[PDB]
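**Q** missing the sequence, but the structure's below:
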Ligand SMILES: [Ca+2]
Ligand SMILES: [Ca+2]
Ligand SMILES: [Ca+2]
Ligand SMILES: [Ca+2]
Ligand SMILES: [Zn+2]
């Protein structure tokens with residue numbers, strides 16, 4: 001809507017207070033005009049019809065429990081936009097400042113979040129397995145990254161290309177978490193997963209096997225569930241990414257870490273310049289090697305570490 005840009009204050013899912021960009025026109029709306037063509041947050045009102053109603057508030061104060069998921073979805077979408085713009089020089093997910101839209105309070109007790117090809121959607125969780133999903137910055141960044149992938153590589157959501165699609169979202173979801181410096185780690189969804197159990201998460205990049213996910217190509221899932229194991233086999237790539245950044249010895253292969261910043265630069269280049277809709281793991285390795293070569297030289301330590309990481313997880 002058309003109005004005056006202002007700043008409101010609220011409390012997120014985890015009870016933390018933060019300022020959010022809103023727009024004033026009779027009501028205060030969750031519409032941030034400071035980033036590209038805007039960031040819009042909608043209320044799905046426990047229904048499944050999207051996007052729902054643009055979030056309207058009477059006093060620009062969002063401290064009600066019902067407001068929490070909206071506050072975080074709105075705020076973290078902004079942080080993610082800032083990451084791509086400041087670190088990778090990318091304006092929004094399409095590279096042309098496309099408006100970012102999110103709907104919260106989707107359905108009832110919905111334990112999931114997703115990008116539906118046009119916008120992000122967040123469930124509130126059942127309160128046991130998950131609390132409102134927008135409370136996790138790595139979750140929000142994971143979802144927005146699916147949009148980036150759709151507009152660039154276009155990796156098909158099935159089998160190996162789908163596992164890569166998933167890993168990319170986990171990787172950048174994690175890099176954004178580090179960017180915001182919000183208790184950063186290499187685990188996925190720890191902030192909103194099982195509120196009754198501390199120390200766990202949905203997936204782990206440092207040690208995928210911790211939750212039964214493969215950490216080597218020889219242990220890849222070949223079944224048909226989960227679209228050919230897109231959330232399962234992503235563990236193989238997540239481990240490779242973790243090794244490239246942090247280093248370590250995996251299955252007898254030693255990898256010298258090159259840091260998070262270079263990891264992000266290498267994968268972003270691979271994603272936007274070399275990957276295609278049907279790229280498989282082996283092609284991802286070639287793309288990553290070529291990207292590191294473009295950026296640091298064929299005889300650089302960076303290129304060496306990328307090769308070692310993929311050798312470590314058995315991807316030739
Ligand atoms: Ca209010
Ligand atoms: Ca964390
Ligand atoms: Ca995390
Ligand atoms: Ca937990
Ligand atoms: Zn995903």
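**A** Good, I have the coordinates. Residues are numbered from 1 along each chain as shown. Ligands and ions are numbered 1, 2, ... in the order given.
**Q** so who does residue 116 touch?
**A** Counting by CB atoms under 8 Å, 6 or more residues apart in numbering, residue 116 makes contact with residue 50. All C-beta atoms are positioned from the backbone trio N, CA, C, and that covers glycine.
**Q** Would you map the helices across the stretch 51-200 of the chain?
**A** Taking DSSP state H, counting those that start in this stretch, the helices of the stretch 51-200 of the chain run over residues 68-88, 137-151, 159-180.
**Q** In CSV, list those along with distance to ligand 2.
**A** Formatted as CSV, those follow (distance: least, CB to the ion, whole Å):
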stretch, distance to ligand 2
helix 68-88, 13
helix 137-151, 7
helix 159-180, 6
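**Q** To ligand 3, which of these lies closest?
**A** helix 137-151 (4.0 Å; CB to the ion).
**Q** any idea how far the residue lying closest to residue 156 once chain neighbours are set aside lies from residue 307?
**A** The shortest distance from residue 156 to any non-neighbouring residue, by CB to CB, 6 or more residues apart in numbering, is to residue 277 (5.2 Å). As judged by CB to CB, to the nearest Å, residue 277 and residue 307 stand 25 Å apart.
**Q** Same check on residue 16?
**A** Relative to residue 307, and taking CB to CB, residue 16 is found at 41 Å.
**Q** Then residue 197?
**A** From residue 197 to residue 307 the distance is 38 Å (CB to CB).
**Q** and the stretch 101-250 of the chain, which residues reach ligand 4?
**A** Residues of the stretch 101-250 of the chain found near ligand 4 (CB under 5 Å from the ion) are 193, 194, 197, 200.
**Q** And the protein, what are its domain boundaries?
**A** Domain segmentation of the chain under curated CATH domains yields 6-154, 155-315.
**Q** Spell out which residues of the stretch 51-200 of the chain are next to ligand 1.
**A** With CB under 5 Å from the ion as the criterion, the stretch 51-200 of the chain comes near ligand 1 at residues 57, 59, 61.
**Q** OK, contacts around the first one?
**A** By CB under 8 Å, 6+ apart, the residues touching residue 57 are 8, 22, 27, 28, 29, 30, 67.
**Q** mind redoing it with 6 Å?
**A** residue 28 (CB atoms under 6 Å, 6 or more residues apart in numbering).
**Q** got it, and the last one?
**A** Applying CB under 6 Å, 6+ apart, we find residue 61 in contact with no residue.
**Q** What about whichever residue of the stretch 51-200 of the chain sits closest to ligand 4, how many residues nearby?
**A** Going by CB to the ion, ligand 4 is nearest to residue 194 of the stretch 51-200 of the chain, at 3.5 Å. Using other CB atoms under 10 Å, residue 194 has 17 other residues around it.
**Q** Please name the residues that touch it.
**A** Neighbouring residues of residue 194 by CB under 6 Å, 6+ apart: residue 200.
**Q** what's the answer for residue 6, then?
**A** Shown in contact with residue 6 (CB under 6 Å, 6+ apart): 22, 24.
**Q** looking at the sheet around it, what are its partners?
**A** When assigned by DSSP bridges, residue 6 has beta-bridge partners residue 22.
**Q** Help me confirm that residue 132 comes into contact with residue 123.
**A** No: using CB atoms under 6 Å, residue 132 is not in contact with residue 123; the gap is 7.7 Å.
**Q** what about these two, which has more around it?
**A** In this view residue 132 and residue 123 are compared by other CB under 10 Å, and residue 132 has more residues nearby, 27 against 23.
**Q** Which among the helices of the stretch 51-200 of the chain is found nearest to residue 96?
**A** helix 137-151 (9.2 Å; CB to CB).
**Q** List the buried residues of the closest one.
**A** Buried residues in helix 137-151, counted by 16 or more other CB atoms under 10 Å: 137-150.
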